[PDB]
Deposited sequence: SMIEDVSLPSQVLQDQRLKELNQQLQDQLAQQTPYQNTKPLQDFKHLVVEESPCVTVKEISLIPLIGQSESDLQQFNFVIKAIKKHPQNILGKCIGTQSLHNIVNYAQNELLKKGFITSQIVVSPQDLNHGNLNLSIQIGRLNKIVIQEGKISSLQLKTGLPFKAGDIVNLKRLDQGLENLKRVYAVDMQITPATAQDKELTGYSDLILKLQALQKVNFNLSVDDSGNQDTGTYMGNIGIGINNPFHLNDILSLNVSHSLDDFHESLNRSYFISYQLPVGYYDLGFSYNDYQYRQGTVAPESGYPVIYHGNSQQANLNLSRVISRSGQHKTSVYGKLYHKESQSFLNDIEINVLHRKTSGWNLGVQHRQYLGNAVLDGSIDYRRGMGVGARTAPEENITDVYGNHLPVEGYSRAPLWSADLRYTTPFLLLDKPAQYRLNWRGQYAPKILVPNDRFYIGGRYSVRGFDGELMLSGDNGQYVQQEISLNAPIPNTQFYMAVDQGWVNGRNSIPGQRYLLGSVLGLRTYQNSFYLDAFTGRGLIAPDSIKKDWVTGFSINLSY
């Protein structure tokens, strides 16, 4: 007997659409604007200079101020570490007033490097009488979080901000907490000195002005893509609920209906996503329900042959920011997933196509800023069971930058996704190319596939003379290789030209494309696509 999932095309397109949807929801979360706060005024190539009166330093130490425990100072030994590490070998040199000023400025830049923007390196110059350079730290702390405007529960502050009153002010934790609050608020954050009767000297007040974002958001989309003969028609209802349980949380709902004339299929899809932050951590869970019907409902033969089936997927996600700055953000994550799928023929179940799978994902993601350019990507390791240690490597890379093109503002965009499988994969685990999600300019009725694969999408958009409009041209490329692939059919090259416009909560995206290079079994026909969305 010949085993066959006649629905494999519709399920591949659903997975690609699911991945695109999850990326768009993650991209909706506002990040902190990039900056370069640790800006060296003077480069510190040479701190020691030849000076009129100087003292020979024989010890560089960090010395507690009044009321400072040495556990408080243990966190700041990197300041003295950096001093002693400097290739000018400060220890044993003759230090006058100008070099001492430079050594202090260097240790303060190092303080700002690690994010302590309200702390200050001071010198206790009395012990220089004995050749001892003794540094001290004015530890700047947080006195009060002040909500000048907007409502926020005490629990929201505790879970969204990884810091509390009385902690040491660090810009990495301020930015993290600010990003968590910007999921549900428009946020204004200011640092001011704390006042006592008329100041608290070592303390700061965090002034927050909050304005809640629209609680309920709707997105209705219709898409009509295909070739000049056949096409697919999609309808999407997206609902975004903002801060429903007052936990800086976001709940997303999506219902999709599709009519694919390429595979004479009808598809419905339900998707729910919940996400809440806990300081540097992030918790998420999602669920997808997918159903299809395939065949001719009223055939000429009088023998109706309908293939239909359902598929469910549940996911639990946990990620933690491990490193961040004004120009980068890095996090590690772990996923737990369970999948279940069954197929039918005229309401009779095909037993050998009943599939339950489960497994876990481990990965790391990074985002990097330089100027107005954004670079972000991830690498993922997956392992899943069946009914057997099937390892899958996944990777992602995206790059965006503005640039001038014939003296008009423009944007360049590159999307790259790659998959490497050491072992044989089942059909659904393969990497597919050709269609709106993998290589544009192809209709997707026939896709190339391999156990290993990668595509790179490239696109340039320029502003139209009309406001809130832009033209774009795109060139995409796909590659498949490894098992489940046959040579000579391993490459796709498509091109797309189109336009996009936004008219007062109405978004249009239309493109016409064609396949440039393809194996003989691929049509290289002309394709069109029209997308309309309404948010309110």
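- By the record, the deposited chain contains unmodelled runs at 198, 389-411, with no C-alpha atoms placed there.
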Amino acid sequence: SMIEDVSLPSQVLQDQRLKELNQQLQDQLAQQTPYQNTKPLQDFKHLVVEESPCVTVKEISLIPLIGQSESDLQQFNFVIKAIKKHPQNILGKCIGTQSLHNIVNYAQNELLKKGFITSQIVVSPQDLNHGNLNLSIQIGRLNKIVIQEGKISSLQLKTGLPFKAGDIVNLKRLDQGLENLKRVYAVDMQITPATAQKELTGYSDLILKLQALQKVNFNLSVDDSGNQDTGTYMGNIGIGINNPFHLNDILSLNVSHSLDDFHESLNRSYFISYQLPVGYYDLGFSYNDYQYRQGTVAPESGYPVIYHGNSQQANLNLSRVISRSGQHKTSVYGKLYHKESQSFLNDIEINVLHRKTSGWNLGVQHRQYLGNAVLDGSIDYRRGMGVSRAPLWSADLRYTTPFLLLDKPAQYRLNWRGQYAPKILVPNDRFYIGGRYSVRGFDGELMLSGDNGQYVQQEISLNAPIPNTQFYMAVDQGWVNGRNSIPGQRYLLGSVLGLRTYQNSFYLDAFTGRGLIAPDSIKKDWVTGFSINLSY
From here on, numbers count along this sequence of modelled residues.
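- If you average the C-alpha B-factors over 29-37 and over 66-74, the higher value belongs to 66-74.
- Mean CA temperature factor is higher for 223-231 when stretches 136-144 and 223-231 are set side by side in the entry.
- Across the options 200, 169, 181, 250, the residue with the most elevated CA B-factor in the record is 200.
- Within the listed group 405, 82, 112, 446, the record reports its top CA B-factor for 446.
- In the deposited entry, the Cα temperature factor of residue 360 places it in the lowest third of its chain's modelled residues.
- Per the deposited record, the Cα B-factor of residue 326 falls in the lowest third when ranked against the other modelled residues of its chain.
- Among the modelled residues of its chain, residue 262 has a C-alpha B-factor that falls in the highest third, as given in the PDB entry.
- Residue 510 sits in the highest third of its chain by CA B factor, as recorded in the PDB entry.
- The PDB entry assigns residue 297 a C-alpha temperature factor belonging to the highest third of its chain's modelled residues.
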